[PDB]
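*Asks:* Sharing protein.cif (mmCIF, C-alpha atoms and all ligand atoms) below.
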data_coords
loop_
_atom_site.group_PDB
_atom_site.id
_atom_site.type_symbol
_atom_site.label_atom_id
_atom_site.label_comp_id
_atom_site.auth_asym_id
_atom_site.auth_seq_id
_atom_site.Cartn_x
_atom_site.Cartn_y
_atom_site.Cartn_z
ATOM 1 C CA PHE A 210 146.592 -1.300 107.592
ATOM 2 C CA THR A 217 160.477 -8.551 120.190
ATOM 3 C CA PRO A 218 157.607 -7.846 117.646
ATOM 4 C CA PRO A 219 154.960 -10.592 118.062
ATOM 5 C CA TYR A 220 154.006 -10.669 114.316
ATOM 6 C CA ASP A 221 156.064 -10.619 111.139
ATOM 7 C CA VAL A 222 154.259 -9.629 107.930
ATOM 8 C CA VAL A 223 154.592 -12.449 105.363
ATOM 9 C CA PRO A 224 152.993 -13.081 101.948
ATOM 10 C CA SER A 225 149.311 -13.966 102.112
ATOM 11 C CA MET A 226 150.182 -17.198 100.282
ATOM 12 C CA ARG A 227 153.447 -18.765 101.334
ATOM 13 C CA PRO A 228 155.597 -18.978 98.209
ATOM 14 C CA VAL A 229 156.613 -22.533 97.192
ATOM 15 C CA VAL A 230 160.309 -23.019 96.745
ATOM 16 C CA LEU A 231 161.876 -26.269 95.497
ATOM 17 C CA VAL A 232 165.254 -27.448 96.813
ATOM 18 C CA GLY A 233 167.108 -30.616 95.834
ATOM 19 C CA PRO A 234 167.960 -33.202 94.853
ATOM 20 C CA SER A 235 171.187 -31.340 94.318
ATOM 21 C CA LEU A 236 172.289 -27.888 92.994
ATOM 22 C CA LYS A 237 170.299 -25.702 90.632
ATOM 23 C CA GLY A 238 171.976 -24.758 87.335
ATOM 24 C CA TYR A 239 173.014 -28.410 86.676
ATOM 25 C CA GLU A 240 170.991 -30.838 84.610
ATOM 26 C CA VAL A 241 169.865 -33.438 87.231
ATOM 27 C CA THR A 242 168.302 -30.887 89.572
ATOM 28 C CA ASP A 243 167.166 -28.613 86.771
ATOM 29 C CA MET A 244 165.386 -31.289 84.842
ATOM 30 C CA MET A 245 163.872 -32.975 87.925
ATOM 31 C CA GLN A 246 162.452 -29.636 89.211
ATOM 32 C CA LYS A 247 161.299 -28.657 85.725
ATOM 33 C CA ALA A 248 159.154 -31.802 85.446
ATOM 34 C CA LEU A 249 157.543 -30.751 88.766
ATOM 35 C CA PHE A 250 156.967 -27.135 87.640
ATOM 36 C CA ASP A 251 155.505 -28.428 84.346
ATOM 37 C CA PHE A 252 153.091 -30.587 86.306
ATOM 38 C CA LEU A 253 152.049 -27.781 88.711
ATOM 39 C CA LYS A 254 151.424 -25.472 85.731
ATOM 40 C CA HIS A 255 148.760 -27.784 84.380
ATOM 41 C CA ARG A 256 147.378 -29.339 87.577
ATOM 42 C CA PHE A 257 146.784 -25.911 89.221
ATOM 43 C CA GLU A 258 145.807 -24.081 86.007
ATOM 44 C CA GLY A 259 144.038 -20.808 86.785
ATOM 45 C CA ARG A 260 145.020 -20.984 90.482
ATOM 46 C CA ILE A 261 148.830 -20.737 90.304
ATOM 47 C CA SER A 262 151.538 -18.190 89.413
ATOM 48 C CA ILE A 263 154.968 -19.708 88.680
ATOM 49 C CA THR A 264 157.651 -17.108 88.492
ATOM 50 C CA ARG A 265 161.339 -17.035 87.909
ATOM 51 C CA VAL A 266 163.405 -15.300 90.597
ATOM 52 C CA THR A 267 167.008 -14.718 89.444
ATOM 53 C CA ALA A 268 167.819 -12.144 92.190
ATOM 54 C CA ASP A 269 169.414 -13.501 95.312
ATOM 55 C CA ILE A 270 166.512 -13.429 97.743
ATOM 56 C CA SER A 271 168.761 -15.074 100.336
ATOM 57 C CA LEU A 272 170.000 -11.495 100.961
ATOM 58 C CA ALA A 273 166.513 -10.323 102.066
ATOM 59 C CA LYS A 274 165.961 -9.341 105.749
ATOM 60 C CA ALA A 285 175.302 4.184 110.494
ATOM 61 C CA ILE A 286 176.525 2.411 107.280
ATOM 62 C CA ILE A 287 174.219 1.596 104.346
ATOM 63 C CA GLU A 288 173.804 -2.140 103.842
ATOM 64 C CA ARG A 289 174.944 -3.220 100.349
ATOM 65 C CA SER A 290 175.581 -6.463 98.465
ATOM 66 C CA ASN A 291 178.944 -7.787 97.333
ATOM 67 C CA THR A 292 177.470 -9.764 94.439
ATOM 68 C CA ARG A 293 175.718 -8.591 91.293
ATOM 69 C CA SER A 294 172.374 -8.857 93.071
ATOM 70 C CA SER A 295 171.758 -5.535 94.891
ATOM 71 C CA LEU A 296 169.720 -5.092 98.104
ATOM 72 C CA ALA A 297 167.449 -2.738 96.178
ATOM 73 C CA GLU A 298 166.831 -5.344 93.426
ATOM 74 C CA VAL A 299 166.252 -8.008 96.121
ATOM 75 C CA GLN A 300 163.762 -5.738 97.900
ATOM 76 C CA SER A 301 161.990 -5.084 94.602
ATOM 77 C CA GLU A 302 161.692 -8.848 94.085
ATOM 78 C CA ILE A 303 160.386 -9.400 97.656
ATOM 79 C CA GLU A 304 157.654 -6.796 97.023
ATOM 80 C CA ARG A 305 156.803 -8.468 93.666
ATOM 81 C CA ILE A 306 156.364 -11.826 95.485
ATOM 82 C CA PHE A 307 154.072 -10.351 98.225
ATOM 83 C CA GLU A 308 151.992 -8.638 95.536
ATOM 84 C CA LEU A 309 151.684 -11.838 93.450
ATOM 85 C CA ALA A 310 150.213 -13.609 96.521
ATOM 86 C CA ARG A 311 147.823 -10.736 97.492
ATOM 87 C CA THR A 312 144.673 -12.200 95.881
ATOM 88 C CA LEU A 313 145.443 -15.726 97.229
ATOM 89 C CA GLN A 314 146.551 -17.455 94.043
ATOM 90 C CA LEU A 315 149.173 -20.205 94.747
ATOM 91 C CA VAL A 316 152.649 -18.755 94.290
ATOM 92 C CA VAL A 317 155.675 -20.888 93.197
ATOM 93 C CA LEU A 318 159.153 -19.454 92.876
ATOM 94 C CA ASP A 319 161.736 -20.908 90.530
ATOM 95 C CA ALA A 320 164.350 -19.273 92.679
ATOM 96 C CA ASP A 321 167.816 -19.783 91.115
ATOM 97 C CA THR A 322 169.996 -19.109 94.155
ATOM 98 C CA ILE A 323 168.088 -21.116 96.845
ATOM 99 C CA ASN A 324 169.465 -24.629 97.276
ATOM 100 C CA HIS A 325 168.954 -24.885 101.041
ATOM 101 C CA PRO A 326 166.087 -23.861 103.407
ATOM 102 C CA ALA A 327 168.481 -22.000 105.749
ATOM 103 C CA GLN A 328 169.009 -19.413 102.957
ATOM 104 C CA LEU A 329 165.328 -18.206 103.367
ATOM 105 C CA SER A 330 165.057 -18.709 107.169
ATOM 106 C CA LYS A 331 165.833 -15.048 107.917
ATOM 107 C CA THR A 332 163.605 -13.510 105.288
ATOM 108 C CA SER A 333 159.973 -12.498 105.631
ATOM 109 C CA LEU A 334 159.028 -14.846 102.783
ATOM 110 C CA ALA A 335 157.963 -17.759 104.988
ATOM 111 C CA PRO A 336 158.261 -20.207 102.078
ATOM 112 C CA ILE A 337 156.748 -23.635 101.694
ATOM 113 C CA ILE A 338 159.994 -25.612 101.173
ATOM 114 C CA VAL A 339 159.625 -28.619 98.887
ATOM 115 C CA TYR A 340 162.537 -30.993 99.261
ATOM 116 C CA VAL A 341 162.998 -33.151 96.180
ATOM 117 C CA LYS A 342 165.059 -35.883 97.893
ATOM 118 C CA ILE A 343 167.120 -38.680 96.331
ATOM 119 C CA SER A 344 167.470 -41.085 99.214
ATOM 120 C CA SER A 345 170.731 -42.763 98.026
ATOM 121 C CA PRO A 346 173.949 -40.791 97.175
ATOM 122 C CA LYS A 347 174.917 -43.709 94.924
ATOM 123 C CA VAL A 348 171.735 -43.175 92.873
ATOM 124 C CA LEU A 349 172.476 -39.428 92.654
ATOM 125 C CA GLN A 350 176.072 -40.128 91.466
ATOM 126 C CA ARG A 351 174.925 -42.508 88.723
ATOM 127 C CA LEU A 352 172.246 -39.969 87.650
ATOM 128 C CA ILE A 353 174.821 -37.218 87.237
ATOM 129 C CA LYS A 354 177.180 -39.556 85.278
ATOM 130 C CA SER A 355 174.245 -40.588 82.986
ATOM 131 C CA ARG A 356 174.250 -37.033 81.682
ATOM 132 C CA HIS A 363 181.337 -30.885 88.695
ATOM 133 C CA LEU A 364 180.258 -34.054 90.541
ATOM 134 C CA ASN A 365 181.580 -33.195 94.006
ATOM 135 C CA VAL A 366 179.775 -29.828 94.518
ATOM 136 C CA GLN A 367 176.550 -31.651 93.536
ATOM 137 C CA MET A 368 177.107 -34.510 96.141
ATOM 138 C CA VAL A 369 177.966 -32.064 98.946
ATOM 139 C CA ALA A 370 174.805 -29.946 98.278
ATOM 140 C CA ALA A 371 172.625 -33.149 98.384
ATOM 141 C CA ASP A 372 174.348 -34.284 101.512
ATOM 142 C CA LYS A 373 173.758 -30.928 103.198
ATOM 143 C CA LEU A 374 170.047 -31.231 102.438
ATOM 144 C CA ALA A 375 169.985 -34.776 103.897
ATOM 145 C CA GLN A 376 171.460 -33.424 107.165
ATOM 146 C CA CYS A 377 168.635 -30.904 107.797
ATOM 147 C CA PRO A 378 166.197 -31.769 110.583
ATOM 148 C CA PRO A 379 163.297 -32.693 108.244
ATOM 149 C CA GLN A 380 160.318 -31.582 110.434
ATOM 150 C CA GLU A 381 161.515 -28.018 110.968
ATOM 151 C CA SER A 382 163.388 -27.487 107.627
ATOM 152 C CA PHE A 383 160.914 -28.789 105.051
ATOM 153 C CA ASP A 384 157.171 -28.514 104.522
ATOM 154 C CA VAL A 385 157.037 -31.343 101.951
ATOM 155 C CA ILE A 386 159.502 -34.122 101.185
ATOM 156 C CA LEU A 387 159.226 -35.867 97.824
ATOM 157 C CA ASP A 388 161.282 -39.027 98.223
ATOM 158 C CA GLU A 389 159.300 -41.049 95.699
ATOM 159 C CA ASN A 390 161.347 -42.400 92.772
ATOM 160 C CA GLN A 391 158.475 -42.090 90.253
ATOM 161 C CA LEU A 392 157.639 -38.617 88.928
ATOM 162 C CA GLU A 393 153.923 -39.477 88.906
ATOM 163 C CA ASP A 394 153.971 -40.324 92.647
ATOM 164 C CA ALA A 395 156.101 -37.235 93.619
ATOM 165 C CA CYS A 396 153.639 -35.038 91.665
ATOM 166 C CA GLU A 397 150.500 -36.451 93.296
ATOM 167 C CA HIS A 398 152.067 -36.163 96.784
ATOM 168 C CA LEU A 399 152.945 -32.438 96.116
ATOM 169 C CA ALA A 400 149.454 -31.773 94.628
ATOM 170 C CA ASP A 401 147.751 -33.317 97.653
ATOM 171 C CA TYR A 402 149.793 -30.968 99.873
ATOM 172 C CA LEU A 403 149.006 -27.910 97.730
ATOM 173 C CA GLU A 404 145.246 -28.752 97.502
ATOM 174 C CA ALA A 405 145.138 -28.880 101.277
ATOM 175 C CA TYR A 406 146.976 -25.539 101.551
ATOM 176 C CA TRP A 407 144.461 -24.115 99.079
ATOM 177 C CA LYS A 408 141.589 -25.190 101.322
ATOM 178 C CA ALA A 409 143.323 -23.768 104.397
ATOM 179 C CA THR A 410 143.674 -20.380 102.634
ATOM 180 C CA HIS A 411 140.264 -20.336 100.849
ATOM 181 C CA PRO A 412 137.479 -21.263 103.284
ATOM 182 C CA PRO A 413 133.970 -21.263 101.595
ATOM 183 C CA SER A 414 132.942 -18.420 104.021
ATOM 184 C CA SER A 415 135.374 -15.937 102.298
ATOM 185 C CA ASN A 416 132.863 -15.273 99.397
ATOM 186 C CA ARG A 424 163.023 -24.925 84.409
ATOM 187 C CA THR A 425 160.167 -22.509 83.480
ATOM 188 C CA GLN B 428 168.027 -53.951 93.407
ATOM 189 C CA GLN B 429 166.135 -51.170 95.222
ATOM 190 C CA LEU B 430 168.837 -48.742 94.104
ATOM 191 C CA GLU B 431 168.411 -50.045 90.561
ATOM 192 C CA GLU B 432 164.678 -49.371 90.563
ATOM 193 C CA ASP B 433 165.429 -45.888 92.064
ATOM 194 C CA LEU B 434 167.788 -45.042 89.147
ATOM 195 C CA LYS B 435 165.306 -46.228 86.493
ATOM 196 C CA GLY B 436 162.614 -44.114 88.183
ATOM 197 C CA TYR B 437 164.737 -40.962 88.160
ATOM 198 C CA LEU B 438 166.011 -41.568 84.613
ATOM 199 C CA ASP B 439 162.345 -41.770 83.464
ATOM 200 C CA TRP B 440 161.573 -38.531 85.486
ATOM 201 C CA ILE B 441 164.439 -36.620 83.823
ATOM 202 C CA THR B 442 163.322 -37.897 80.366
ATOM 203 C CA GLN B 443 159.846 -36.519 81.159
ATOM 204 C CA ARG C 41 124.828 -1.859 127.170
ATOM 205 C CA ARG C 42 125.601 -5.312 125.602
ATOM 206 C CA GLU C 43 124.660 -4.404 122.142
ATOM 207 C CA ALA C 44 128.408 -3.546 122.105
ATOM 208 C CA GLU C 45 128.689 -7.339 121.755
ATOM 209 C CA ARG C 46 126.044 -7.210 118.996
ATOM 210 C CA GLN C 47 128.005 -4.618 116.967
ATOM 211 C CA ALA C 48 131.227 -6.598 117.501
ATOM 212 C CA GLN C 49 129.580 -9.843 116.247
ATOM 213 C CA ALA C 50 128.099 -7.876 113.312
ATOM 214 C CA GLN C 51 131.582 -6.468 112.422
ATOM 215 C CA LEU C 52 132.926 -10.111 112.489
ATOM 216 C CA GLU C 53 130.205 -11.292 110.046
ATOM 217 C CA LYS C 54 130.867 -8.326 107.694
ATOM 218 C CA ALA C 55 134.599 -9.200 107.699
ATOM 219 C CA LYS C 56 134.044 -12.787 106.509
ATOM 220 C CA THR C 57 133.639 -11.629 102.924
ATOM 221 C CA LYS C 58 136.280 -8.814 102.979
ATOM 222 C CA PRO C 59 139.722 -9.327 101.448
ATOM 223 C CA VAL C 60 142.843 -10.408 103.332
ATOM 224 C CA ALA C 61 144.641 -7.159 104.093
ATOM 225 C CA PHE C 62 147.903 -8.913 105.127
ATOM 226 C CA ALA C 63 149.239 -12.129 106.666
ATOM 227 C CA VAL C 64 151.447 -12.568 109.676
ATOM 228 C CA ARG C 65 153.590 -15.289 111.095
ATOM 229 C CA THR C 66 153.585 -15.264 114.868
ATOM 230 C CA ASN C 67 156.716 -15.156 117.047
ATOM 231 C CA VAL C 68 154.804 -15.779 120.338
ATOM 232 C CA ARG C 69 151.889 -17.913 121.550
ATOM 233 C CA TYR C 70 148.493 -16.605 122.752
ATOM 234 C CA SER C 71 146.304 -18.931 124.802
ATOM 235 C CA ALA C 72 142.996 -17.059 125.167
ATOM 236 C CA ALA C 73 141.298 -16.702 128.525
ATOM 237 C CA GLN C 74 137.903 -15.260 129.441
ATOM 238 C CA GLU C 75 139.646 -12.522 131.511
ATOM 239 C CA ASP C 76 141.289 -11.136 128.335
ATOM 240 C CA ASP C 77 137.919 -9.355 127.725
ATOM 241 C CA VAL C 78 137.373 -10.395 124.064
ATOM 242 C CA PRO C 79 134.754 -8.189 122.237
ATOM 243 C CA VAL C 80 132.607 -11.305 121.728
ATOM 244 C CA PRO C 81 133.082 -14.136 124.264
ATOM 245 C CA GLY C 82 134.521 -17.292 122.785
ATOM 246 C CA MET C 83 135.596 -15.589 119.530
ATOM 247 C CA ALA C 84 139.289 -15.004 120.355
ATOM 248 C CA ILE C 85 141.789 -16.781 118.012
ATOM 249 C CA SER C 86 144.502 -18.592 119.983
ATOM 250 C CA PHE C 87 147.761 -19.541 118.320
ATOM 251 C CA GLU C 88 151.232 -20.992 118.905
ATOM 252 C CA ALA C 89 154.528 -19.472 117.803
ATOM 253 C CA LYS C 90 155.128 -19.812 114.053
ATOM 254 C CA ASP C 91 151.448 -20.044 113.132
ATOM 255 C CA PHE C 92 150.037 -18.100 110.248
ATOM 256 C CA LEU C 93 147.159 -15.653 110.430
ATOM 257 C CA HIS C 94 145.129 -13.935 107.749
ATOM 258 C CA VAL C 95 144.161 -10.463 108.857
ATOM 259 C CA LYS C 96 141.070 -8.568 107.617
ATOM 260 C CA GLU C 97 140.937 -5.304 109.592
ATOM 261 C CA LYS C 98 141.399 -3.548 112.937
ATOM 262 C CA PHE C 99 138.474 -3.607 115.395
ATOM 263 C CA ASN C 100 140.075 -1.390 118.051
ATOM 264 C CA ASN C 101 143.405 -0.759 119.814
ATOM 265 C CA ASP C 102 143.332 -4.252 121.455
ATOM 266 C CA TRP C 103 141.939 -6.447 118.621
ATOM 267 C CA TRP C 104 142.234 -7.256 114.976
ATOM 268 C CA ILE C 105 139.837 -9.497 113.021
ATOM 269 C CA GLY C 106 141.184 -12.448 111.087
ATOM 270 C CA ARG C 107 141.686 -16.192 111.116
ATOM 271 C CA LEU C 108 144.266 -18.954 111.527
ATOM 272 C CA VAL C 109 145.380 -20.355 108.181
ATOM 273 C CA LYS C 110 144.022 -23.809 108.968
ATOM 274 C CA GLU C 111 141.095 -25.779 107.441
ATOM 275 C CA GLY C 112 137.922 -25.292 109.463
ATOM 276 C CA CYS C 113 139.206 -22.270 111.346
ATOM 277 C CA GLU C 114 137.006 -19.208 111.072
ATOM 278 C CA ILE C 115 137.134 -15.482 111.562
ATOM 279 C CA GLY C 116 137.551 -14.173 115.129
ATOM 280 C CA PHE C 117 139.449 -11.552 117.163
ATOM 281 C CA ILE C 118 143.263 -11.622 117.159
ATOM 282 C CA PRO C 119 145.072 -9.685 119.911
ATOM 283 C CA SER C 120 146.820 -6.576 118.657
ATOM 284 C CA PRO C 121 150.564 -6.143 119.293
ATOM 285 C CA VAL C 122 149.609 -3.675 122.084
ATOM 286 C CA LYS C 123 147.238 -6.235 123.626
ATOM 287 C CA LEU C 124 149.937 -8.929 123.537
ATOM 288 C CA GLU C 125 152.339 -6.484 125.234
ATOM 289 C CA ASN C 126 149.840 -5.486 127.936
ATOM 290 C CA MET C 127 149.085 -9.145 128.719
ATOM 291 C CA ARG C 128 152.805 -9.867 129.061
ATOM 292 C CA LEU C 129 153.261 -6.779 131.325
ATOM 293 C CA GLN C 130 150.270 -7.604 133.525
ATOM 294 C CA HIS C 131 151.590 -11.183 133.887
ATOM 295 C CA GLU C 132 155.166 -9.974 134.764
ATOM 296 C CA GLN C 133 153.794 -7.584 137.404
ATOM 297 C CA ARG C 134 151.473 -10.184 138.922
ATOM 298 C CA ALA C 135 154.379 -12.704 139.083
ATOM 299 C CA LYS C 136 156.734 -10.337 141.031
HETATM 300 CL CL CL D 1 177.452 4.267 103.909
#
Turn this file's structure into structure tokens for me.
Ligand SMILES: [Cl-]

*Replies:*
Amino acid sequence: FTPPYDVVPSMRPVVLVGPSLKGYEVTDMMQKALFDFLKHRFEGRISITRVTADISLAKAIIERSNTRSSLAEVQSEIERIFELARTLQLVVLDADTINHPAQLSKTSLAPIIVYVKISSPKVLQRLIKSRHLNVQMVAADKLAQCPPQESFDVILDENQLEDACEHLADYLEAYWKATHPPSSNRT
Amino acid sequence: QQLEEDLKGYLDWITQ
Amino acid sequence: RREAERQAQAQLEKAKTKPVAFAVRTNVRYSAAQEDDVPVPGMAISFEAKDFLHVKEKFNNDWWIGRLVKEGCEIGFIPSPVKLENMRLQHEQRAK
């Protein structure tokens, strides 16, 4: 103003994972079309922000990072995310280094994980060739092995962008209502 | 054929 | 008297329009009972582990005011960490 309560952002930040790995064109373009849609569908109610720092590292020797992303920079980015959610705008992270929900499981971010799922590995393969194949297939396969109810908040398995967008919007409109009762008053 | 409609869907998504 | 209850209900109403101070995700469940001595009867917020709460302010050492992040749920009293701990201790003692 053992602990029973963990402090989390006032609006759970939306993080997209799948169909495959970020940094490659199939995943990057498929997620971008979704971010583009959110930007206009939730205009005035959403903040979409790039996170390049490796927020997977968020949680008597001093703890340090062995990559270019420091624990101080990560902490700065965690505080920026909490602060962006403080007035209850929807928050969406374009988080470069998160390709799997287990990478945020131990943070205090409590994300809404949106799984952009290609149901068939054969469809994913052909997609990639239509444009480093094996790292992409393994990442998609890892996603497909997660227990869906506990790992993901939304699964977009629709093959039409229009239908994936409306399903995600429906979810985010309901979250909006849950967080804004009338009684309270790639990118 | 379901896989073929899948692929066309995702190709159109990527194009968008 | 029992205008203590009046002041507690009045603090609840005043909170409805206040900002969210912070949010918490729960790591334990709380299933409210009348014997928990809630400042206004029937206004305790129960929850399960991994639920989300929006917190407005602190009423006293045993109770916060806030709500479950769920459509149709409204402001009420949320047990403080100390209150959760004292319920667990009182239960452990009673069970020995
Ligand atoms: Cl050290």

*Asks:* Need the shell around segment 117-120 of chain C: protein/DNA/RNA residues with any atom at most 6 Å away, counting all atoms listed in the file. Skip same-chain ones fewer than 5 positions apart. Format as a tab-separated table (two decimals) with C-alpha atoms, in the coordinates of the input?

*Replies:*
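Result written to out09.tsv:
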chain	number	residue	atom	x	y	z
C	84	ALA	CA	139.29	-15.00	120.36
C	85	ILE	CA	141.79	-16.78	118.01
C	102	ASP	CA	143.33	-4.25	121.46
C	103	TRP	CA	141.94	-6.45	118.62
C	104	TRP	CA	142.23	-7.26	114.98
C	105	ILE	CA	139.84	-9.50	113.02

*Asks:* Run the PyMOL selection byres (((not hetatm)) within 12 of (chain D and resi 1)) against the file shown and list the residues it catches, as a PyMOL selection string.

*Replies:* chain A and resi 285-289

*Asks:* Could you jot down the atom CA of residue 311 of chain A to atom CA of residue 218 of chain A separation for me, Å, one decimal place?

*Replies:*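 So the two atoms, atom CA of residue 311 of chain A and atom CA of residue 218 of chain A, lie 22.6 Å apart.
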
*Asks:* Find the distance between atom CA of residue 67 of chain C and atom CA of residue 89 of chain C and write it in Å to one decimal.

*Replies:* 4.9 Å

*Asks:* Quick check, in Å to one decimal: how far apart do atom CA of residue 320 of chain A and atom CA of residue 266 of chain A lie?

*Replies:* 4.6 Å

*Asks:* So, counting all atoms listed in the file, which residue among A:330, A:300, A:425, A:312 is closest to chain C?

*Replies:*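 Smallest separation from chain C among the options: A:312.
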